[PDB]
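Comments concern the structure below.
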Amino acid sequence: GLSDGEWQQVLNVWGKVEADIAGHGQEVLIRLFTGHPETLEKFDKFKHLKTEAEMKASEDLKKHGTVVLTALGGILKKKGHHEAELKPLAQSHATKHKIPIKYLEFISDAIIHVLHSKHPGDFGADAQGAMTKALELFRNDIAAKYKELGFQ
Ligand code: MNR
């Protein structure tokens with residue numbers, strides 16, 4: 001797990017996200033979609049978005065970004081005690097949305113990129129280490145649920 005110090009770093013970084021949840025959410029999804037276009041195909045509501053301009057101009061994409069990061073923030077603030085919060089997410093993503101764990105790796109990487117991009121020089125080595133651990137933990141706990149379900 002993460003140490004108390006590490007959790008404190010994670011939630012300190014998360015302060016940045018909470019000052020502009022929609023802006024961070026939007027940039028994360030744009031980073032995901034642009035770098036990994038196959039991921040767009042998992043969203044019937046975003047498949048029409050043929051350019052990054054269209055993405056940036058989509059109010060509904062920003063709205064979804066807010067839903068996404070609010071859910072992740074809820075999870076993070078549990079500091080690893082997130083079984084109740086994580087289980088239904090794991091299950092909807094495997095069973096309904098059919099999201100391979102690879103795409104969760106992609107979005108983890110996107111969050112790290114976006115934090116650097118929006119806060120250059122203000123996302124230190126220790127912070128990146130802590131946030132990365134927290135995201136791997138999220139990812140790994142989801143992967144356990146995927147295995148249970150036999151979802152690939
Ligand atoms: C590559 C694609 C996917 C990735 C990566 C991804 C990563 C993440 C993620 C990681 C930080 C969090 C937190 C996250 C959280 C959500 N997510 Mn998710 N998600 N996610 C979807 C694709 C993806 N998610 C799709 C598709 C829906 C349904 C969208 C619609 O309303 O049409 C959805 C829906 C949701 C919903 C709405 C409730 C539900 O359906 O369970 C939440 C909350």
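The residues of the chain are indexed from 1 along the displayed sequence. Both ligands and their constituent atoms are indexed starting at 1 by order of listing.
The option from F138, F46, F43 that lies nearest to atom 21 (C) of ligand 1, judged by heavy atoms, is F43. With distances taken over non-hydrogen atoms, the option nearest atom 15 (C) of ligand 1 out of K63, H93, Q91 is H93.
Counting the atoms of ligand 1 from 1 in the order shown, those under 4.0 Å from a heavy atom of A71 are 43 (C). Those atoms of ligand 1 with a heavy atom of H97 less than 4.0 angstrom away are 25 (C), 27 (C), 28 (C), 33 (C), 34 (C), 39 (C), 40 (O).
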Open item on the list: Checking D122 against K16 for the salt bridge (charged side-chain N to carboxylate O under 4.0 Å, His left out) test, could you report, in this order, the C-alpha distance in whole Å, the side-chain angles of both residues, the deciding distance, and whether it holds?
Closed with: CA-CA 10 Å; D122 193 32; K16 296 175 148 55; 2.9 Å; yes
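Between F106 and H36, the ring planes lie parallel to each other; the angle is under 30°, not in the 30° to 60° tilted range.
The distance between the ring centers of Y103 and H93 does not fall below 6.0 angstrom.
When heavy-atom distances to ligand 1 are checked against a 4.0 Å cut-off, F106 has no atom that comes that close, whether in backbone or side chain. Contacts between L89 and ligand 1, counted as non-hydrogen atom pairs separated by less than 4.0 Å, involve the side chain only.
Regarding atom 41 (O) of ligand 1, its nearest protein heavy-atom neighbour is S92 OG, 2.7 Å.
Looking at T39 next to ligand 1, no N or O pair under 3.5 Å apart turns up. In terms of polar-atom proximity, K42 is not counted as a contact of ligand 1, lacking any N or O under 3.5 Å from an N or O of the ligand.
Within the structure, ligand 1 has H64 among the residues with a heavy atom less than 4.0 angstrom away.
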